[PDB]
Amino acid sequence: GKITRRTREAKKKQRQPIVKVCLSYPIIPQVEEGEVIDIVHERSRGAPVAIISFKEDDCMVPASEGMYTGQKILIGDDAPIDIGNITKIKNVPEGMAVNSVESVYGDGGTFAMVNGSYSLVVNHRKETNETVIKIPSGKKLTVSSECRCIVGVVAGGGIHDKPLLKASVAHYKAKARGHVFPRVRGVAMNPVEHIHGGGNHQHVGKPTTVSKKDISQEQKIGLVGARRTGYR
RNA sequence: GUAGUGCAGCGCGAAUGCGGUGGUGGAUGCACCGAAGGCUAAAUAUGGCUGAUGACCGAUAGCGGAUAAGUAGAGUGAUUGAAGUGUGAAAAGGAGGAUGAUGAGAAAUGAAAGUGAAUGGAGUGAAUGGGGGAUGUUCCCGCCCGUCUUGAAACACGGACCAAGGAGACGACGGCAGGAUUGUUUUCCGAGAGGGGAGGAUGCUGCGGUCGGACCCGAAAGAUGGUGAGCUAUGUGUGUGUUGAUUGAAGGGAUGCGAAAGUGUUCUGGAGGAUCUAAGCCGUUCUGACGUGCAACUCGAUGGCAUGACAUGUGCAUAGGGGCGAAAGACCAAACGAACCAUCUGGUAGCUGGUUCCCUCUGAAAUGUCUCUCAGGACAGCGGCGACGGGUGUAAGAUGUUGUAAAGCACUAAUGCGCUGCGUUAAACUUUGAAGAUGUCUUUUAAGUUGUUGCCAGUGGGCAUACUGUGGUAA
RNA sequence: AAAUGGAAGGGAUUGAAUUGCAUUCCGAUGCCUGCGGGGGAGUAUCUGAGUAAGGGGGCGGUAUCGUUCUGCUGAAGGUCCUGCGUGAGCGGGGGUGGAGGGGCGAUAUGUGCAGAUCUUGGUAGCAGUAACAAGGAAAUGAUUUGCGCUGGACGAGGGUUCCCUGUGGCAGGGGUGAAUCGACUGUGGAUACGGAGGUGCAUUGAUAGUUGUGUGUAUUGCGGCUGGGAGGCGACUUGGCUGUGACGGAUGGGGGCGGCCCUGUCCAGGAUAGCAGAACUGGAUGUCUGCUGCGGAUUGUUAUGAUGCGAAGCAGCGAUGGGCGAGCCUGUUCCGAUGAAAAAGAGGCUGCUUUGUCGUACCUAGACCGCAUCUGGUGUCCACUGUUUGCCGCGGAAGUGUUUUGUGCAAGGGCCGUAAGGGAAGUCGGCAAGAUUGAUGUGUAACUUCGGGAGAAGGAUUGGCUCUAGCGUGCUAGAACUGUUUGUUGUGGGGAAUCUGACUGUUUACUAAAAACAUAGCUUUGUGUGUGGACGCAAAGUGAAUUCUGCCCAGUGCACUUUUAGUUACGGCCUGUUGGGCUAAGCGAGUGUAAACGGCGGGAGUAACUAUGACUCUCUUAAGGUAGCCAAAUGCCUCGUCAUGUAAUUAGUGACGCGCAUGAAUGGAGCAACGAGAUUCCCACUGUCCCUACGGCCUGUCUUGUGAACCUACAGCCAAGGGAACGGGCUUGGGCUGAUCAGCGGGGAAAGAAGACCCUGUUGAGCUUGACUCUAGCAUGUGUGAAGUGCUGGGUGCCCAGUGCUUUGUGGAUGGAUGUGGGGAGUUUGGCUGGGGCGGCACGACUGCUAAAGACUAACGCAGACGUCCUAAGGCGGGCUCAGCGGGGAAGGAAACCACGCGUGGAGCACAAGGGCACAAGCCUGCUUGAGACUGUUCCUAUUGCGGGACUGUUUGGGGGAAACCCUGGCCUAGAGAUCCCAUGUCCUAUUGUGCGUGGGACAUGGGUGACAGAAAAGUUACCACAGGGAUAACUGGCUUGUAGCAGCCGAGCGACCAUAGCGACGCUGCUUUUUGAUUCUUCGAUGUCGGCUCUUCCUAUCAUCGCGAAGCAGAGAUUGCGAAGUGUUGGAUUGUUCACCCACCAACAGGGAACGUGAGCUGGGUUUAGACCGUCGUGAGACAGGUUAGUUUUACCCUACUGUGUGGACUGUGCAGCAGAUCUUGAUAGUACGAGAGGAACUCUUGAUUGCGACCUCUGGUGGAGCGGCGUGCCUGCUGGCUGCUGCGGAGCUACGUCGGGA
């Protein structure tokens, strides 16, 4: 055989990468006052980015829905509750939506940083200083009560409300983001390139669930380690 | 190196009257030696350079290269790579022709294939050859060689013509034959334990055997080390190109209807992978032209697309079991279901083709056994060349063996009648039974006049016919 | 009774082809006899063919040593003539040549050529041929005139090709000048992006943003002088700093560099027969985007608007002749796309001074690449005018390129034009051509995703001239007049249905553009972190919307769990004499999952005529195909059945459904819109055809110049025969024509290419997996690594598990073990065989027959059997008689048991068949383990192993029997396994000495190779390769004739009677070569493989026409037979078809052969390698004589054949060869003969035609680049007159659709 498409698309990307800018906020224990100086678009992202200026430091963060240029926000551990306002996660009531939550007290942000997402604060277990939160995927996770966050949802709304509708729109999206476009189906190739192969009719020819444990790398194509298949 | 012969990774890790070794793992005597630091001439190997030699080659030979040869030339590149010697002793001199001069000589020699001029003979028959005769012919005979084949003049293959070159030689080890010199030659049997007297050696020439490029020329492939994205494919940086029309979305104005909710008409505006046309780009049909071309993909007419998921110059990134692909196994410098260059490499070939002087003496086989054996091989059979050595491929007299042809019903198996006879059968039936074959004795029957052994080749696709079977409607 | 004209060998022959004879004769390289030569032989002689193969004796090339000679008074080599030798070869003479050359003996070898699609060099025929060139002219040609269209600059590439002089292309000498052009400088990149600096005029033979010059701008350095504030309410003015570089597509409005057009005036130019209100040409002149103060509510656009967060207006600041637009100014809009980076800031007025290095000539295609002076390819910029929406098409300028003594046109080609009447009858198929076409009124359906369909369809108008109306001044609307009726001198064919893909897009550079690929939408899976943080990132399937997406978890796969089986490795620990316990993942098990891979049944009865089966029983599955759809691109049978379209329907559409083998994201149903996709029909239109004609230009034909190639054993007329079974040459017959030129495609099984199909080889490679043997990676225990401490749990004080803490090692790794692993590597996948494959085993082995009276003897010949079985079914002693028949005996029968008289085996003996056997080899019965331990000779059986039998000997040996005697398995012929390795027994043994809980050997048995003298082994190729094979298939020929076709003989019956008018059973005998088989002789270094179209010839077994018989022949119409091959034998619908089947006509619509006639004659529908779809089959790569769609047709100029032509008068004779007309019809005969009637003929006379053949142009039709006319576009200034385009008529000539012409 020859080497399959999955493995070559991985090698092309170490030669010529897609790069995003790494948003994060700094450490400031005393309550300061910031200044949104600009909100801007970025290639390969869907969310707009805000430029906020402190007394001796500037930062780039995901803008929340409800920000505007020239607005003042506060940073510090004991800061008041309002859209924006980087503050510590024990000063936040239950049922409130936050974004860009860190996990180690000083790493910037880790959770909920894409277009239109947030995490939920569910419980404050005041003994042991633990906070249960819900992250965007649904998993529940206890963090310390000293990690910081941002109040509100990320801007950029529901981007899937509008269909792509046309070939050229999927062409411009994959140029900016790096998806495989177009995709030739594996059953339409010759056997030399794909485990799905030739044959006098187009058909896979054997089970499409494959293992995730113990088999050769380059055999893991299809539905890898699937617990269940079917419509519902 | 046979149960480490030597070396290495990982882990464990010594001794001080002590340590190591002794062709089978371990023990114990006796023998013999001192590792884990260092240096050391000579006798041995070998491209090239310089001297000296030769039963070596003599211009298609010998090094690729006897000369302005690793040159001229070819390839993007790594790489690749020829052909060509001669006036004379002396320039004493020529170089369109003619007339001349110099010289020993117009000047190295100068074959065949093929041609021009003159002159002799013949012809309207393909030509050419042999016998017999004659300054061409008249009569007789005569199809084109080489090769594979049961079988070729073949509608089987190679061969237009001429010259030169062109294929069983050499090394090692063994045997035999012929020949040369010398001769006071021999470590035996047996797994072992045990037992125990019986003419060659060293050269020379030839032939048969094996391994060597191995009689000469020939694959599809495999591996080691290198070159390419100037063609073409995808990504990315920076530039450039695109005429004139058609249709008429949202938004906005005015005007009519109606109790209201609402709705009619018409202007303005200029959307959309919306419709043509141009600069231009492709490649549907004519199955048009052309088809030793204008051309290793072109030309004419017709048709399709022309704001894009476009077209195009240039910087950078991706390389061969790898890349790149809106996917055709497509494309990667005129060959891609694995590129190109050099080496290993004179790669192997049970298969096809070729294999060079005369006369003379003998002269086959196309069958049996074993074979991943069936287009091959070995052993045996048939043949050649020997050498040494003395004494029946036909009949007659006697005496044995046989179960076919024909015939028959005694056994086995069949087959009609008449109520003891008449009728019909046989490769796997036989009570009988030939012609023909086949054993032994006697040359103390006729007629005639071989034994022992050495070294070796080719052959193992057959076919026809008289008589005689088997299968088949038959050939 | 057979297909080119032909064979007792020919002419012929009445016996010169019949039969019987011998008293004559002819006839070999054989025989006898005399000489000559070779080889044997024991020396008075005898004996000679020969492939593969072997032996003896000779001839020749080049050298050495070792001897012996010759050449300038002319060597070798070469050429002609001549002697000797059976031959290989060796001598002499005359020319030429100008320096060396030999004999004899031994010895060393790169030692002798006709061939190898041999190597290198030279040369023929073809052939003065193919191909290419000959560009418009004027005696001259710096002058006059005719035609074509690229023309001018920068880069890549080239490198002196550029200028002058001399010369017939060379030779000699010249020419490239930079602050203000590019680069040397920026950025991870650069001659196009960023960036200190300019414009005119003149100048050389050749350079110029570079030389010279008028004016400007920047810069290097060096000076001199001078200022840190004035104004304005404000916007802002001034020597008075911290700004820029720096950024996408589409589209409206305003305004324009240059160019072009219209117009007033002035100065000039060129042509003119005549006329022209005074033409034609050139030149020169002819304001508000914004901001501030006052003001205090309205105001504007082509469009969206602006405004108490301050409108209009007034006053300022700042910026900057008429008409058709490039940069520029100012708006709106589009994106899950939002449109680089770095170098480079300071500044007033003046004077002197500086400015480095390298490139610069010439060429856009005849100066580049494609081997070239090649119709191909090659980045950027500029370029006038009439007509027009158009920078297109159809015509003109500017600039640029170009010659001046070949012919005038046969046939056949390449590219075009016009055609009576018909109108797709042509063809696989409307292929090709014709037809529609611009603009403006009118009028527009089904359906539909409401947007579309739509330029639907269908109808009408159009020039020129002279005016009117509107306002925006060039467009729009209206009217009169006029012509030989006509005006776009350009620009879509349309309509009704079915299959299929949603749509715009992409693809096999060089045979496939598609239904294939992509696509939005829909669904499933994994993943909490990569610079990226789940509206993310990655992997698969299906393919817009609408409506739907059923049932199956038994098999395979995937997931989770093993906190309630089993199985399992290194190391460690435990216990013990070298064993056993404890400590993984995985496998196994349990549960879940089909938008995972996939699957989705038989049989019996049953409703008041039949028929069917709602209903029932029954077998059975993991579950038994649901909703829908169909002879559909999916249905074998099959051209299914019914309806509809036609004169006629293997086509199309509608309907039906037990569907070989339909069916649900393997996606099912479904067609709005779109398509150079596949199909069928309608209108229109036509040279597609009936059936061809005439014309144009370039070729060809003829001349001069330049001048190839392929191919070539030798050659080139036929019939038959035989032959390797289709001859140019051989045997027996028949023949044109003495040497030319143009044509042409029958033959040379023509050329090209070591057959790609098929088989064989112990030859490959691409790809697959449930082949064999392995392997990267990954999983999971475990060894190494860093010190100190606490904690909970196991067993017996113990070892270990997790385990938190402390800081003072570190996280980078590294050794071995078990599991997994077509992701990857290497390799294999027998043979025989009436081709191979599938099947069978004739592959080891036993019996009978085939087998021809000793033994041996073949076939995928015939009929069977073998891989076992038995403690007796082995050994021995004794006693008995078997199958069956006859006469008897209570219940007793066809068969029970007793018993007498006979019984040659007619029964038994493990199993196949054959042989054998009676006080036995059979049956019953007693005792036993000879089915013992060793050892030698021989047969099948040989050149030979294993195996299976026979016969002896030796035993401090058995069993049976009184004993003689027998016994080493089975009554005899089948039941069978090497080398190497391992297991057990007996006898020996390890070389420095001795042992051994460690090994080695000899001999004998067992463990097994059935392909049985004995490898360790799965598939596929239509993507394919190489060595061969006519030892072997798929087409033609040849032999054969079962089958196929056509005929005879007999006489049982039939025929109202009557075997034969006509028929003819049951049986029997032939012929042909048109069917399909059987075979494998020719061809695999190639003989182009189906049908049609076109064209010629032959056969007869006669369909019609001519002649003539029979009758169950009255006439009419037919039926059956003989002579006879001269002439005829058609037009259409459906299918690729051959074939078939229907319609119409006809005198009739017969059957066959010629390499299944005919592809350098065509066509290419069938078949048809490489793309693709469906059904069934396979885990898969793939398969199917199952269906469907898309898919290169090369070369004659040679010889012969054939057609003409040439090969030297006039008038004729006579031999040979060719050979043509055929068929139908009107009237009369005649309503007659014949007949009860109904019906209904003939000879002779007569009228017209159809088709073939040969001519002709008076008439009619076609053509007519001859000629005359009409209407246009551009150009000559307009009129006149020309040239160019479209159109009507159209003589001569040619032609058919027109006219003429057949023996007594």
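If you read the first sequence in the UniProt record's numbering, its first letter stands for residue 2, the second for the next number, and so on. Quick reminder that beta carbons are idealized off the backbone N, C-alpha and C, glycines included.
| What's the call for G2, buried or exposed, on a 16-neighbour Cβ count within 10 Å? | Taking the first sequence and counting its residues from 1, one reaches residue 2 at position 1. Burial call: exposed.
| task | If I'm right that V37 touches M61 with Cβ under 8 Å, what's the distance once you round it to whole angstroms? | result | Numbered from its first residue, the first sequence carries residue 37 at position 36. Numbered from its first residue, the first sequence carries residue 61 at position 60. With a Cβ gap of about 11 Å, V37 and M61 do not count as contacting.
| said: In the DSSP output, what is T210 paired with across the bridge? | reply: The residue you call residue 210 lines up with position 209 of the first sequence. Partner(s): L224.
| task | Whole angstroms is fine: what's the gap from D162's alpha carbon to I136's? | result | Walking along the first sequence from the start, residue 162 turns up at place 161. Walking along the first sequence from the start, residue 136 turns up at place 135. Their Cα atoms are separated by approximately 22 Å.
| message | Using 8 Å for Cβ pairs, my map puts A113 next to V102. What's the rounded Cβ distance? | response | In the first sequence, residue 113 corresponds to position 112, counting from 1. In the first sequence, residue 102 corresponds to position 101, counting from 1. So it is a contact: roughly 6 Å between Cβ atoms.
| field | Nearest to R44 (by Cα), restricted to the options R186, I151, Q220, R178 | value | Locating residue 44 in the first sequence gives position 43, counting from the first residue. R44 has its Cα closest to that of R178, out of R186, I151, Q220, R178.
| query | Roughly how many angstroms lie between the CA atoms of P27 and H172, to the nearest whole one? | reply | Along the first sequence, read from residue 1 onward, the residue named residue 27 stands at position 26. Along the first sequence, read from residue 1 onward, the residue named residue 172 stands at position 171. Cα to Cα, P27 sits roughly 38 Å from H172.
| query | Helix or strand or just coil, what does DSSP make of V188? | reply | Start at 1 with the first residue of the first sequence, and residue 188 comes out as number 187. In this structure, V188 counts as helix in the three-state DSSP scheme.
| said: Less than 8 Å between the beta carbons of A98 and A156, yes or no? | reply: Counting from 1 along the first sequence, the entry for residue 98 is found at position 97. Counting from 1 along the first sequence, the entry for residue 156 is found at position 155. Not a contact, by the Cβ cut-off of 8 Å.
| message | So the candidates are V133, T209, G153, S138; which of them puts its Cα closest to the Cα of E147? | response | Start at 1 with the first residue of the first sequence, and residue 147 comes out as number 146. Comparing Cα positions, the closest option is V133.
| field | Stretch pair the segment 223–231 + the segment 200–215: three plus CB contacts closer than 8 Å | value | yes
| Quick one: what does DSSP say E34 is sitting in, helix, strand or coil? | Within the first sequence, the letter at position 33 stands for residue 34. Residue state, collapsed to three classes: strand.
| task | Check whether the segment 123–130 touches the segment 139–154, counting contact only when three or more Cβ pairs, one atom from each stretch, lie closer than 8 Å. | result | yes
| query | Under 8 Å between the Cβ atoms of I87 and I151? | reply | Here residue 87 refers to the residue found at position 86 when the first sequence is read from its first residue. Here residue 151 refers to the residue found at position 150 when the first sequence is read from its first residue. Yes; because the gap between Cβ atoms is below 8 Å, this pair is in contact.
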